[PDB]
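A quick write-up on the structure given underneath.
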Amino acid sequence: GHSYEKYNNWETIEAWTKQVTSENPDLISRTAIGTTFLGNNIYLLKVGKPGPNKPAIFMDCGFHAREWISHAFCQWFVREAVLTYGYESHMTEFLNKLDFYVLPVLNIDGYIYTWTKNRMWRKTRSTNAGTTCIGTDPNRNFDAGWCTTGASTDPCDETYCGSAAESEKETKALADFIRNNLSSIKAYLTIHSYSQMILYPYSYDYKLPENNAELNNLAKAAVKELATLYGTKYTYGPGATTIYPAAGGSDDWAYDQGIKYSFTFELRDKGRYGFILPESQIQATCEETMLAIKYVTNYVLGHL
Ligand SMILES: CC(C)[C@H](NC(=O)CCc1ccccc1)P(=O)(O)O[C@H](C(=O)O)c1cccc(NC(=N)N)c1
Ligand SMILES: [Zn+2]
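Taken in order, the sequence shown gives residues 6 to 187, 187A, 188 to 308; the numbers are from the deposited numbering.
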């Protein structure tokens, strides 16, 4: 069975996408935006009160297979949305005015592998020509200074950038969807772990985004909001100087598509458990993260 305070395998998450949609058709529509290398369905949930020409925020989880708290958060977010709509004034206004595109698990093949074989797998599970080595790092596979820094050209490496940008079916699927909906998507939020940070562009270069002052102020307020709940401390800043230079990430790519609010979230913790965050921290992690996401949403909406 599904549980929001446990990590769920893909079969269970998939069944959940169907069930939560069936139980809330007036707040959720489910589509598939492509298949993975191994033929799993890349679901996208459109969360919001349906209506014509609504702006949107796009959020994905599960880019990286071992970052299980990421997958957990997207599911947590969807429940909060459907349970509090109509009762909590902010979420009610959010869903009335915009849609959240929630992509609960991007790298499904890798996620399944962390359940079946290797908990610490990171990459996709696609084959590579001329080698037995498996997989591409999806967050090195976007057209953002592709493969120029912080990435490997070797398929046996954890940060393999791929044979070319969008060489992976999953990243191509995400990029295609975002490109087809640029008129509506106002923010891009991509959920990772761990490090307790909010990053904004750029990571592929030390250059700063034109609105970097605004992004810094926004990230600063979001981390302040997050801390109000349990005291959890986040830092923030441009990716390149705040964590490390790295090319081909989706946050940088989305920003260069014209999406002015683009953030990579790194959830708990700071390394004590690392990727293996206990299920006993799922609820607190998700609840505080919700405050940061809602703050950003409220800001983006108020500035349309
Ligand atoms: C613990 C966090 C920081 C994760 N990092 C890792 O697992 C380390 C990856 C690695 C493995 C082997 C050699 C070098 C680097 P991440 O979630 O994978 O970090 C993201 C990434 O490297 O794709 C990340 C963090 C912050 C900003 C970005 N954005 C970006 N465009 N690079 C991306
Ligand atoms: Zn990650």
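Ideal Cβ placement from N, Cα and C applies to all residues, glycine included.
Run through DSSP, which three-state label would residue 248 get?
coil
Span separating the alpha-carbon of residue 78 from that of residue 159:
32 Å
Bridge partners - residue 241, DSSP secondary structure assignment:
203
Status (buried if at least 16 other CB within 10 Å, exposed otherwise) for residue 280
exposed
Residue 190 to residue 138, Cα distance in whole Å?
38 Å
Quick check on DSSP: helix, strand or coil for residue 110?
coil
Kindly identify the DSSP beta-bridge partner or partners of residue 193.
64, 267
Use the C-beta contact count for residue 96: other C-beta atoms within 10 angstroms, 16 or more gives buried, fewer gives exposed.
buried
DSSP state of residue 104 mapped onto helix, strand, coil:
strand
Just how far apart, CA to CA, sit residue 147 and residue 266?
14 Å
Strictly by DSSP, which residues pair up with residue 37?
48
Among 201, 224, 259, whose alpha-carbon lies nearest the alpha-carbon of residue 208?
259
Could you give the distance in angstroms between the alpha-carbon of residue 120 and the alpha-carbon of residue 262?
37 Å
Nonlocal neighbours in the same chain, by C-beta distance under 8 Å from residue 6, ignoring five residues either side
17
Got a sec, what are the start and stop residues for the alpha helix (DSSP H) residue 294 sits in?
286-306
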